[PDB]
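Below is one structure; the comments refer to it alone.
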Amino acid sequence: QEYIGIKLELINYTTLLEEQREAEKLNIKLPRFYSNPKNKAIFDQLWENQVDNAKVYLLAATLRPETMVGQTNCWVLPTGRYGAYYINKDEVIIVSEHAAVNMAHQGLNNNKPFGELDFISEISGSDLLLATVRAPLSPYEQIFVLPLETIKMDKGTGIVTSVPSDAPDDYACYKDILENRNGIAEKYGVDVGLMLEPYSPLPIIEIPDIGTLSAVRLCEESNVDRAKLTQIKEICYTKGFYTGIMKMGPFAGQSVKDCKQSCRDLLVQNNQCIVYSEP
């Protein structure tokens with residue numbers, strides 16, 4: 001099985017500010033130009049490792065490219081150790097070492113010999129947490145990197161996509177953060193009103209006999225934990241594939257089975273993903 005690695009672009013607020021130059025002056029208050037300090041610190045560190053000016057992407061493995069228009073956020077292990085690498089010129093990805101190794105055994109380095117890495121610097125989960133990325137296919141102009149304590153640095157890239165409308169586990173954690181369950185939002189310094197409230201789950205797929213926010217509907221009507229979660233994930237992933245109909249995105253009106261391969265190809269044409277494989 002091939003993994004689709006979604007290129008989540010770490011937003012460069014410096015570039016944007018040196019491009020936003022090519023109301024309020026009437027006593028009507030609105031947000032000052034937003035800037036994310038976690039993004040800046042990652043860049044400052046990359047600078048002090050001679051990266052010049054390059055595009056930087058968190059890479060998040062997914063087996064479900066059709067759900068990509070429903071991203072509300074993404075997940076990193078708060079204690080995870082990630083690394084910054086070159087894949088080619090002018091382009092840097094942040095992944096687990098496990099992923100970078102498995103990516104070197106299929107020649108995806110910056111012209112380096114087989115199996116060797118193009119290491120730049122180490123990035124901790126702490127540094128990544130509460131950063132903002134540009135998520136491909138999502139209507140959201142940016143999303144936040146959020147904490148998932150159950151991420152395994154030995155599977156995928158250590159970064160996971162979040163589609164709460166159609167992944168029960170995604171929704172459970174998302175909802176846990178939103179309502180500060182057991183103080184979990186405070187523990188990681190999450191500004192809930194800025195980082196979650198504007199990014200509600202999206203009606204991307206309609207499953208006949210259930211509806212559009214299936215993971216949400218089933219989760220809320222079963223009042224949600226792990227055994228019920230595996231059960232709903234079974235319905236969502238199975239019924240989703242066989243009966244699911246896209247309601248959002250460029251393939252709206254098409255079924256999930258038919259446009260699954262199609263969303264893959266669009267991601268590659270957009271250069272918004274990296275396709276790889278693992279044992």
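Throughout, residue positions are numbered sequentially from 1 according to the sequence presented.
Nearest heavy-atom pair, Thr243 versus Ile207, reported as atom, atom and distance to 0.1 Å: OG1-CG2, 3.6 Å. Between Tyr85 and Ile120, the shortest heavy-atom contact is C-CD1, 3.6 Å. In terms of heavy-atom proximity, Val256 sits nearest to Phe241 at CG1-CA, 3.8 Å. Nearest heavy-atom pair across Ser214 and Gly211 is OG-O, 3.2 Å.
Counting only residues at least two apart or in different chains, salt bridge (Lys or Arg N to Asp or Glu O under 4.0 Å) contacts with residues 67-88 comprise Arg81-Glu122.
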Pair up each side-chain donor or acceptor in residues 68-79 with any protein partner under 3.5 Å, not counting sequence neighbours, and list the distances.
from, atom 1, to, atom 2, distance (Å)
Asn73, OD1, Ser162, OG, 3.3
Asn73, ND2, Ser162, OG, 2.8
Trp75, NE1, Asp170, OD1, 3.1

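Ionic pairing of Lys7 and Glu9 is not present here: no N-O contact between side-chain nitrogen and carboxylate oxygen is shorter than 4.0 angstrom.
Residues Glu97 and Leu117 are not in side-chain contact: their nearest non-hydrogen atoms beyond the backbone lie 4.5 Å or more apart. Annotation: side chain of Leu178 is in contact with side chain of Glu197 (closest heavy-atom distance under 4.5 Å). Put simply, the side chain of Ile6 does not reach to within 4.5 Å of the side chain of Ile159, judged on heavy atoms. Under the 4.5 Å side-chain criterion, counting only non-hydrogen atoms from C-beta, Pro168 is not in contact with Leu218. You'll find the side chain of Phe43 stays beyond 4.5 Å of the side chain of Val51, heavy atoms only. Inter-residue side-chain proximity for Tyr57 and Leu8 is flagged as unmet; no heavy-atom pair is nearer than 4.5 Å. Inter-residue side-chain proximity for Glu220 and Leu213 is flagged as unmet; no heavy-atom pair is nearer than 4.5 Å. Between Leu146 and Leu196 the shortest side-chain heavy-atom distance falls below 4.5 Å.
Every side chain to side chain donor-acceptor pair (under 3.5 Å) that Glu149 has, sequence neighbours left out, goes to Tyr188.
Aromatic ring orientation, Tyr13 versus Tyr34: perpendicular (interplanar angle above 60°, classes split at 30° and 60°).
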Next on the checklist: Applying side chain to side chain contact (heavy atoms under 4.5 Å, CB included) to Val275 and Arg264, what does each step give before you reach the verdict?
Outcome noted: CA-CA 9 Å; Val275 185; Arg264 189 201 164 278; 3.5 Å; yes

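Between the side chains of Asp127 and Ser124, a donor-acceptor pair is found at a separation under 3.5 Å.
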